[PDB]
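To keep things clear, I will list the structure first and then write my remarks on it.
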Amino acid sequence: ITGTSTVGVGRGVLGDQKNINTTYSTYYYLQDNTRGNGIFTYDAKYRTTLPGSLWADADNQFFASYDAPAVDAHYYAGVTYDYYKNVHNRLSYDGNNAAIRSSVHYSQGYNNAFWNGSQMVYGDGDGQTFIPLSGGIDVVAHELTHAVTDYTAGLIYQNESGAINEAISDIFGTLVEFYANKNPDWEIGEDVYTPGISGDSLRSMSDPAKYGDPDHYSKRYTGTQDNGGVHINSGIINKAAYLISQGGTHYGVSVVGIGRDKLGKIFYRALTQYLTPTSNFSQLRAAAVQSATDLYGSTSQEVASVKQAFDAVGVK
Ligand SMILES: [Ca+2]
Ligand SMILES: [Ca+2]
Ligand SMILES: [Ca+2]
Ligand SMILES: [Ca+2]
Ligand SMILES: [Zn+2]
């Protein structure tokens, strides 16, 4: 809609208060005009019809419990946009400031979130396995990163290339979590998963095998479930990425960590410059070595650590 940019206030899924950019025109809408061609948040009204209605509010105050997932979807999409702009010089997901759209209150008791080719979509959860999924910044950044991948490398959602597609979204979801810097960790979905059980998460990057995911290529899932294990075999790449950043010894191979910022730069370059729709794990290793080489020199510690990290997870 056309109107006047302003700032409202609300409370997110976890009960925290935040300021959100809104637009005023009779109602106040969840439309942030300060970022690219805009961030837009929609109410799907417990249906599966998308996008639903642009979120309208009478008083620019968003403290109702119905409001909470909208507040967080809108706010964390802004943070994710800011991460890509400030850290990687990328304007929105397509690199030309495409408008970012999210719908919340999708369906009834829906325990997931996704990018559907055109926008983000967030379920409310069933209240015991998940609370509303937009409450996790790693989840929001994970979904938006799928749009980035789709506009760059185009990794197909199947088999090894799909596992890479998933790992990239976990990796940047985590980097965005650290960027916003409120209790960042190397776990995925911990803020919105199983409100009744503390200390757990959906997936772990530091130790994928904690939830039964492979942490070595020898343990890869070779069956047909989950599109050939795109959410399972991503553990192998997530572990490699954790080692590149933080360091450690894994299956007897020692890796000197080079830190989060270099991890991000190396993987963003691999993604946007060297990966293709059918890239496999061995091709990712090559893309990542070449990226680190480009950025830091063939005889750097950075290149050395990328090699040891992929050796440690058994990717040659
Ligand atoms: Ca209100
Ligand atoms: Ca966290
Ligand atoms: Ca996390
Ligand atoms: Ca939990
Ligand atoms: Zn994903």
Side-chain angles (χ1 to χ4, degrees), residues 111-115 133 136-150 152-178 185-190 192-193 200-246 248 250-251 255 260 263-264 266-268 270-271 274-288 291 306 309-316:
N111 283 323
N112 229 311
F114 61 91
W115 167 261
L133 281 93
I137 186 181
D138 53 358
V139 169
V140 173
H142 175 110
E143 304 307 347
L144 195 43
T145 297
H146 278 310
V148 177
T149 299
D150 287 358
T152 56
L155 294 150
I156 288 150
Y157 216 58
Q158 214 180 32
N159 301 325
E160 285 191 19
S161 58
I164 299 169
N165 187 326
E166 272 302 304
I168 295 287
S169 282
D170 283 345
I171 284 158
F172 285 100
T174 287
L175 294 180
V176 170
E177 195 169 291
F178 276 94
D185 51 50
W186 291 91
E187 316 295 304
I188 304 298
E190 68 287 340
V192 297
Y193 191 56
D200 66 343
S201 70
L202 205 52
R203 290 190 285 284
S204 176
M205 301 179 64
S206 59
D207 185 15
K210 179 152 69 220
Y211 305 108
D213 296 329
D215 59 2
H216 195 271
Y217 195 66
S218 76
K219 306 194 174 175
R220 71 196 175 281
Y221 175 70
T222 58
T224 59
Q225 270 170 66
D226 184 34
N227 288 122
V230 307
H231 296 100
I232 299 164
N233 292 326
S234 62
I236 297 160
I237 305 304
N238 287 345
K239 183 69 182 190
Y242 172 83
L243 294 172
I244 292 173
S245 180
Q246 298 311 95
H250 182 60
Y251 291 102
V255 185
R260 290 183 316 267
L263 171 67
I266 285 160
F267 269 80
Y268 184 82
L271 185 62
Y274 295 113
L275 293 179
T276 73
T278 60
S279 287
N280 60 25
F281 284 11
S282 179
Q283 282 163 321
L284 172 65
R285 180 196 167 107
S291 302
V306 166
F310 282 97
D311 290 343
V313 300
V315 172
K316 274 23 196 69

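Numbering of residues begins at 1 and proceeds along the displayed sequence.
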(Q) Let me confirm one number: the CG-CG distance from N159 to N165, rounded to the nearest 0.5 Å. (A) 12.5 Å

Q: To the nearest 0.5 angstrom, please state how far the CG atom of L155 sits from the CG atom of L275.
A: 5.5 Å

(Q) Are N233 and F281 packed together at the side-chain level, in the sense that at least one heavy-atom pair is separated by less than 4.5 angstrom? (A) yes

(Q) Does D311 form a side-chain contact (heavy atoms from CB on, under 4.5 Å) with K316? I'd like the steps, not just the answer. (A) CA-CA 7 Å; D311 290 343; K316 274 23 196 69; 3.1 Å; yes

Q. Are the side chain of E177 and the backbone N or O of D185 linked by a donor-acceptor pair below 3.5 Å?
A. yes

Q | Interatomic spacing from CG in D170 to CZ in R203 - rounded to 0.5 Å | A | 4.0 Å

Q) Just how far is it from atom CD1 of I188 to atom OH of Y211, taken to the nearest 0.5 Å? A) 11.0 Å

Q.
Is there a side-chain contact between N280 and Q283 in this structure, where contact means two heavy atoms from C-beta onward sitting under 4.5 Å apart?
A. yes

Q: Quick one: closest heavy-atom pair of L243 and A309, and the distance?
A: CB-CB, 4.3 Å

Q) Considering all heavy atoms of both residues, which atom of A163 and which atom of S234 are nearest to each other, and what is their separation? A) O-CB, 3.5 Å

(Q) Taking the side chain as everything from C-beta on, heavy atoms only, tell me whether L284 gets closer than 4.5 Å to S279. (A) no

Q.
In the structure I gave you, are the side-chain heavy atoms of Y274 and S291 within less than 4.5 Å of one another anywhere?
A. yes

**Q.** Mutual orientation of the aromatic rings belonging to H146 and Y157 [parallel < 30°, tilted 30-60°, perpendicular > 60°]
**A.** perpendicular

Q. If every non-hydrogen atom of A113 is compared with every non-hydrogen atom of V139, which pair is closest and at what distance?
A. CB-CG1, 4.3 Å

Q: Find out whether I232 and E166 are in side-chain contact, i.e. whether some heavy atom of one side chain is under 4.5 Å from a heavy atom of the other.
A: no

Q.
With heavy-atom distances below 4.5 Å as the criterion, would you say the side chains of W115 and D150 are in contact?
A. yes

Q.
Could you check whether any side-chain N or O of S169 sits under 3.5 Å from a backbone N or O of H142, counting only pairs where one atom can act as donor and the other as acceptor?
A. yes

Q) Is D215 paired with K210 through a side-chain N to carboxylate O contact shorter than 4.0 Å? A) no

Q.
Please give me the minimum heavy-atom distance between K219 and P214, naming the atom from each residue.
A. O-CB, 3.4 Å

Q. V176 versus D138: any side-chain heavy-atom pair under 4.5 Å?
A. no

Q: Supply the atom-to-atom distance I244 CD1 to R260 CZ, rounded to the nearest 0.5 angstrom.
A: 14.5 Å

Q) When rounded to the nearest 0.5 angstrom, what distance separates NZ in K239 from OH in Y251? A) 9.0 Å

Q: Taking the side chain as every heavy atom from C-beta outward, state whether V313 and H250 have any atom pair closer than 4.5 Å.
A: yes

Q. Any side-chain donor paired with an acceptor under 3.5 Å for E187 and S206?
A. yes

Q: Measure across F310 and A288 and return the closest heavy-atom pair with its distance rounded to 0.1 Å.
A: CE1-CB, 4.1 Å

Q: Indicate the ring-plane relationship of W186 and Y242, choosing parallel, tilted or perpendicular according to the 30° and 60° boundaries.
A: perpendicular

